[PDB]
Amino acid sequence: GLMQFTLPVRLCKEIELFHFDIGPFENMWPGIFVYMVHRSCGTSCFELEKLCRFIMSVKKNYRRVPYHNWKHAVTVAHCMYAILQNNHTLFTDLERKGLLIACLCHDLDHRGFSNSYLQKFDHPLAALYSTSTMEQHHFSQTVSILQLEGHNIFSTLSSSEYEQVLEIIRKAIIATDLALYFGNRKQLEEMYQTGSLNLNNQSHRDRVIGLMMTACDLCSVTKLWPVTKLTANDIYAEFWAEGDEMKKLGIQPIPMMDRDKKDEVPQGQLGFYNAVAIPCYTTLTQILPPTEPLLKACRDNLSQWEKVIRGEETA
């Protein structure tokens, strides 16, 4: 309990900021995550030796895909960490515990394909779960790893708290189904503007947590421009592979996923910043004002994609 994980000076400072990049050294990502749980939750909350065993089994069940990989998991976990430190008093001891775990586990065993492709390919996981196909799979994997021996990081919670925390994680992981984002923000917008939003309503917390989870999942669009620029190549590599697999079933993919239509990427990014990211971070700042820096960084990047279309910058 007297073994405080430290980070080098530049990391120790830069890690507190929303736009932190976790860097290219895979071997430091576990220490970074533990550093974050320790400052976010306490030295007390988790048994160091169980935690480390959990993190490495989680790492082992992420796959080598261009984007939906172990780096993504830790990135998303970091954004949640930033949100929780800048909104210190709003969240319970259990939420702080489960949300950082939820973010680490949110894309467990992803193969780089959307729910749509599972449905058209007729993947057995689509028989098992008709909506949020991958997201009920990710949660299922979380529970598997939670039930390996020496892996129950939650062993000190009562029966109650254990159910509470796994129900935070489940809901938190389902909420990363972007198809659910749209209704979830339209309802929080309406609750904030008519002043009914009330954080003592457990129904309303769930929604707020779902939006944090979209916020964290999308946070590659909230980094400094050269990190956003270089992550997009990873994002489109998965999209273009999925389009190839679509063409393989005898189906024109949407252009986003057609690697013959690379020319339309920047306009496609504009669409997505306008249609998804900017609305996500607007609504999230209205509900939690200290998250503004996510909105500020998102708009800067929108403005950098505008510059790309005007040929004042190439990609």
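We number the residues from 1 along the sequence you see. Think of the rigid core as the biggest set of C-alphas that the two forms share within 1.5 Å after superposition.
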item	value
Divergent stretch in 7 other deposited structures of this protein, 40 to 48 or 247 to 255 [C-alpha RMS, superposed by the core]	247 to 255
Higher C-alpha RMS shift from the shown form in 7 other deposited structures of this protein - 226 to 234 or 119 to 127, rigid core fit	119 to 127
Selected stretch [higher average CA B-factor]: 184 to 192 or 234 to 242	184 to 192
Per the entry, higher mean C-alpha B factor between 193 to 201 and 162 to 170	193 to 201
Identity of residue with top Cα B-factor, from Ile22, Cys12, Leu17, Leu294	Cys12
Which of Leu249, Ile55, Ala277, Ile254 ranks first by CA B-factor in the deposited coordinates	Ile254
For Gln286, the third of its chain into which the C-alpha B factor falls	middle
Chain thirds of CA B-factor: placement of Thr176	lowest
Relative C-alpha B-factor of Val37, binned into the chain's lowest, middle or highest third	middle
CA B-factor ranking of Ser220, expressed as a third of its chain	lowest
For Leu94, the third of its chain into which the C-alpha B factor falls	highest
